[PDB]
Structures are given as C-alpha cells and as structure tokens.
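The letters A, B, C, D, E and F name the chains in turn, as written, and every chain counts its residues from 1.
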Amino acid sequence: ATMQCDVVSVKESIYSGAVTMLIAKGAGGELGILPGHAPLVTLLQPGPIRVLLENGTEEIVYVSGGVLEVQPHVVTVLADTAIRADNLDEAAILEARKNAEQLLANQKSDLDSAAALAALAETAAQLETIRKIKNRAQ
Amino acid sequence: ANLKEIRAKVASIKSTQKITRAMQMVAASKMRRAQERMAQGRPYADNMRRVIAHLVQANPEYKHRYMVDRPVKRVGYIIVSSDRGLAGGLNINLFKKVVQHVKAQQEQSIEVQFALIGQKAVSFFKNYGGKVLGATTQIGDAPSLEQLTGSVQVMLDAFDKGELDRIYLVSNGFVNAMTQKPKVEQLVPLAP
Amino acid sequence: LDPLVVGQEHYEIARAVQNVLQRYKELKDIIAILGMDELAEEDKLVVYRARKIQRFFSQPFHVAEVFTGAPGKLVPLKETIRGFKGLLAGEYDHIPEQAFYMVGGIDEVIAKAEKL
Amino acid sequence: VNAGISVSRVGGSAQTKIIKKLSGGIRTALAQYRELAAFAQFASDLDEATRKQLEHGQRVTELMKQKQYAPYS
Amino acid sequence: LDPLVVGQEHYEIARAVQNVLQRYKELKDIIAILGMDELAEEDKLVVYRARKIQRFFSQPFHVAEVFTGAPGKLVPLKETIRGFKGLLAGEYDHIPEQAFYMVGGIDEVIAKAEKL
Amino acid sequence: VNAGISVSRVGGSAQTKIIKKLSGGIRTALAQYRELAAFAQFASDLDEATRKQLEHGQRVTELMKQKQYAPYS
C-alpha cells in the first residue's frame, strides 16, 4: 500500500509523501519495506536509497551518513547529507553550492565594507572645521 | 562665503542617507530569509529527540556522559560571532555576557576552553586570552555542516578526555525582529 | 609653561593630559555618528579617561556656594598632580565617572566613590 | 538635464496630443528609477518587480541621451 | 575635445582612458578597505590598465631636471593613440607598468620591458 | 609643521647632495601615510602591506619632533 515516507537532511527535507516499496541497505543488510512493517530503527549506510512510488515508478535518493526509522505507516529518514540523486557523483553540484555561498559572502563583505566603511570615513570629513567657523561674526 | 564644500558635504550626506536606507532594507530581506530558515530544520531534531526519549524510557539502564554531568574541571564554550561589524553591540553584548559568565565560573577554580565562530569573537578572544581549542572563519551567510563538523568534533573529543565536562553555546537569542538577547547555556550535559 | 621652570613631571603630565583630551575631541565626530561600541577598545578607554578628567576638573569655589551651597575647595597643586597622574595611570578605570564630578582632591574622589 | 527639478508651469497642454498621451509613462518610469537609484550596486537581494523597474529605468536613461546636431522627427 | 576636431577615434580613446581612470579611482576605496585579493580579476585588469597608463603618461622632457638624459620625445599622436588603445584593450596588460614608465612610444615600452 | 601643504618651489637645488638624495624616500613615505590615512581609523580591516606602510609612516612621523634651542647638525 502507501506509507507516508519522509527523507530529510539536517538542513531541510528532501523527500516527502506516500511510498509503496522501500529498498535500502541498513546498518545490517538490505531490506524491503511495505506499509504495516514493524517498528525499527536502522543506520543509513553511504550510498543511494531507492523507493517505489504509487505511480509504478521508483525514486532514488543518495545518502552519505544518516539514520533510518520505519513504522507501519510512517518512515522518517534523518540523513546527514540527504541529496536527491541517482549516483555518488554530486560532487559537481556540492562545490557549486559552496561557491554560491562563498560568493554571496564575498558580496556581503564587499557591500558592507565598500559602501559603509568608505562612507563611514567620508561623512566624518571636516565637521569640526565647520563647527568652529559658526561663531565667526564676520 | 566658501559655501561650496558645505553644499558638497550636504549632498554627500544625502547620498549616504539613501545608501543606509538601501542597506537596511537589504538587511531586512536577509533577516526574513534567515528567520524563515529558522524553523525549516526544527522537525529534524524534534522527531530525533522524540525517538531519543523513546529509547531512554525504553532503556533507562544507563546515562552516558553526554546526558548527565560529571564534575567539571574545564568547561567548554562554543562562541559564535560575525566577520562584518556594523551590527550594534549585539556581538559585543554577547562578548560582555560570556566574559561575565566565564569570570563567574573562574571563581570555581576551573579552566575554560573555547570554540570560536566568526571574526568578531576571533579577535575579541584571541585578545581576551585563555586556551582556545578551535577557531573558525568565514561562515558565509549560508553555512555548511562540514564547516562546523571538525570544530564540534574537537570539542567532543575534549569531552571524551574528561578534561571538558560541560560544554556551552555562546549565541544570541532571537527575541523578535527588533529585540535580540545574548545567550550562554550548556547543552552537552543534557537537560531533562 | 617651561620644563626648566615648572619641573619635568608637571610639564609632561600636563602634555599627556592635553594629548588625551585632543584625541577625545577628535573622535567626538565619529562617536556622534557611529555607535560607541563599534570602536577600538583602547579608544573607548581613552574616552572614559578623558571624561573622568573633565569631571576631576569640576571644582566647588568658596564663593560659588552662593548658587549651590556646596562648600568651595582649595586644592594644593601636589594633590592635583598626584591625582591626575594616577588617573593617567589608569589606577581608577574600575571607578564610576560620577565619583569625579564637582570635587577637589583625589582623596575626595576616593571618599565619593566608596560612598557610591 | 535633471528632470527632478526642471519644469514648465504650463504642462502637457502645450504638447502634442499623442505626445501628451504617451509621455506620462516615461515620466513615471523616470520617477521610479530615481526612487531606486541607490540599489544599483546590489541588484541581487531585490524582488523581481523592483529589479524590472530598475532595468526599465536604466533602459530609458540610456534612451535619453542624444548626440549633437541631431534634430528628430 | 571633439570627435570631429580630433577625430572620432581619438575622442573615443580619450573617453576610454578616462573611464579606466575613474573606474580605478572608484576602485581605490575597495582596494584600501578589502585589499587587492578579495576583489575578483574583474576590474583588476582595469586597475593594471590604469596604473600602466599613468606610468605610460611619462614623457622624458628634453629639459626635465635631468633624469633620463633630457630627451625630447614628442612622439607622433598616431603612435600615442595606437599604444594607448592597445593598452586599453589589454594587449600588453601582461607587461609591468614600469615598462611604460619614463618611456614614450610602444617601441620604447617594449624595449624597456625587454630591459626590465 | 603641516608637511601636507608646505612647499619650497626652489627645491633641493640649495640642499646638499646627501640630504637631497635621502629626501625622496621620506617624502614618499609621508605621502603614502597621509594618502592611506583616510581609513587609518581602523587598522583591523586592511591588508598587511597597508599595515607595513602604516607602521613605517607613523615611525617617520616619529623622529620629527625637536626641542627648541637644539641646533641639530
């Protein structure tokens, strides 16, 4: 039948929704999971986990470290790095993510500094020079 | 007369005014971004603590050093800060509070050890002295788990040595969109 | 104001005092613009030093009690010199700034502070 | 020219019917562009709508310039 | 100073040079604050171009306080514009500014680069 | 002395060879110091060649004081 299965990395969820058949490689062996299965907790081994959908097609999700839990109706996948993928080759996209983050950090460091710190010095240029020449009565 | 440079200063200040406005609304967008980023990771630890509690009630046979406090001789502190200033004394208030707390602990004749996050605290506490165990730079406004993995791992190892026996976060609590409070709380000796 | 006349210590203490005040006045602009917290620690220290200096200058005068009532003072120069040097030594950075307002000698400052 | 301060006290009543009809959109586009001048440095923490306003204002700004001795129909 | 009196190419080359220079000056703030590294190679070629242009400005005067033998350069404007546009393009953005320093024509710049 | 503005249009032509030779380095050191002084309010954000220039220039700023009645050879 259908079980509500959820795949989630510590950052955020990756997969959610009903699933029919789950095939993984637990801390021990590989197992097949169907709704109504016994309550169990298993340690995810590195590699992709592939599950069968209600449409008759099968999803696959990669895991590099994580834990797996099964209940007769609900499955939660607390994976360390949970990535929607088919092969352990997402190295080409994780680096892209890191470059995006560091680039936006570069934008932060520039626009904070370039705008303010420059303007910080600029706005404080010659204030007292003007303040003293007030009391000039001439 | 010499009014010219006065006019120039006025214009420059006006430009800086619009600069600050742009900066502030940009920061507001980023704050809403982080603030929605808050809860997204909640259910992870929620259900995880849930099954942890199920385990411990099912198996009360022991409490590990990671749930119950052993007598402390050195206490560890994970201190988060920024690399960009211009955020009031928020980081400074955190530094003041953590310095106050660590001074309060030093009367207990116990050493203190550190975990450094952000250039603000980096400078502040490489000036503040003590025995730092780790330092981290350039979180980026989006971090990676691996970035803090080894940092926290060193802290765990120091706990395993029995040298660190209580481990503290040093962060700032989101009171609301305008109000922020510093916070320093132990986490490794697990509270009920 | 001559070192061969005023004595070396007098001269140098005075010069250092003016120097401190000069930096404080200079930084007044930015501290008005920016947050006092966003500054270097030594800068802020010097700021508090100078403010306490200003207060330590504030003195009651023997005829001034007419509009106040507080008894005026006459402070021997030795007390002045020693107190200002002790401030410039930072012997009192833990002392509230109020303890220096409208006072005479440094011992009066001690009495005010311990009172406070 | 700075449109922010230059003005004719008569208004489009002295323009051409079609010109009077159409110039208002350009005028308000310029107004918007002036409103959003400061944000040109980022263009990356905005919403799409403000970015689009910025782009069209840049475009009309580009349009505004004309060379010398260049009468136009 | 007009694309007619000096010709369009000369006018636009002057335009390009001034744009490179004002881009450099607007860069100076980030250059000082952040340094030279955190800025990506974008506009860094512009910084090189501006510096090598400023050094390219050097004409050894035939009377100059005497440092380079006091020669009269007076290089033809055609050579000048050719070299300046090549520099703006980045053709020799791989060649140190000193190659452009105290020298006139592109022959001089290239021979200097071979020397240095 | 405000060295930032004070000049001698005559130049070192009336200065001894040795002092005139040594002049240029100090001249450019002070030039750099006054040039980068705009951001001297915080030496915590700059690169390290800037710190080196800072320290050298402030040291050259030092050595400039002089007591009165002291005929320095």
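In this text, contacts are C-beta pairs under 8 Å (C-beta built on N, C-alpha and C of every residue); 3 or more make two chains touch, one makes a residue touch a chain.
Participant: Where each step is a move between two chains that touch, what is the least number of such steps from subunit B to subunit C?
Facilitator: When the steps are counted carefully, the minimum from subunit B to subunit C is 1.
Participant: Please remove subunit F from consideration and report which sets of chains remain connected through touching.
Facilitator: Apart from subunit F, the chains cluster as one piece.
Participant: Looking at A-C and A-D, which one has the bigger number of contacting C-beta pairs?
Facilitator: Greater number of contacting C-beta pairs: A-C.
Participant: Could you state the distance in Å from the CA-based centre of subunit C to that of subunit F?
Facilitator: 34
Participant: Averaging over Cα atoms per chain, report the distance between subunit C and subunit D in Å.
Facilitator: 59
Participant: Once you find the CA centre of subunit D and the CA centre of subunit E, what distance in Å lies between them?
Facilitator: 37
Participant: What's the distance between the Cα centroids of subunit C and subunit E, rounded to whole Å?
Facilitator: Computed from C-alpha means, the inter-chain centre distance equals 56 Å.
Participant: Provide the list of subunit E residues touching at least two other chains, using ranges where the numbers run on.
Facilitator: If we look for residues of subunit E contacting two or more partner chains, we find 33-34.
Participant: Check each residue of subunit A and list the ones that touch at least two other chains.
Facilitator: In subunit A, residues 109, 111, 113-115, 117, 123 touch at least two other chains, as defined above.
Participant: Which subunit D residues reach two or more other chains?
Facilitator: As it turns out, subunit D has residues touching two or more other chains at 41-42.
Participant: Report the residues of subunit A in contact with subunit F in the complex, numbered from low to high.
Facilitator: 113, 117, 121
Participant: So in the complex, the part of subunit C that touches subunit A is made up of which residues?
Facilitator: Where subunit C meets subunit A, its residues are 25-26, 28-30, 33-34.
Participant: Quick one: in the complex, what on subunit B touches subunit A?
Facilitator: 5-6, 9, 12-13, 15-16, 19, 23, 26, 40-41, 43-44, 47-48, 51, 83-84, 86, 138-145
Participant: Give the list of subunit B residues in touch with subunit C in this complex.
Facilitator: Residues in contact with subunit C: 85-86, 88-89, 92, 127.
Participant: Touching subunit D in the complex: which residues of subunit B?
Facilitator: My answer: residues 18-19, 21-22, 26, 29-30.
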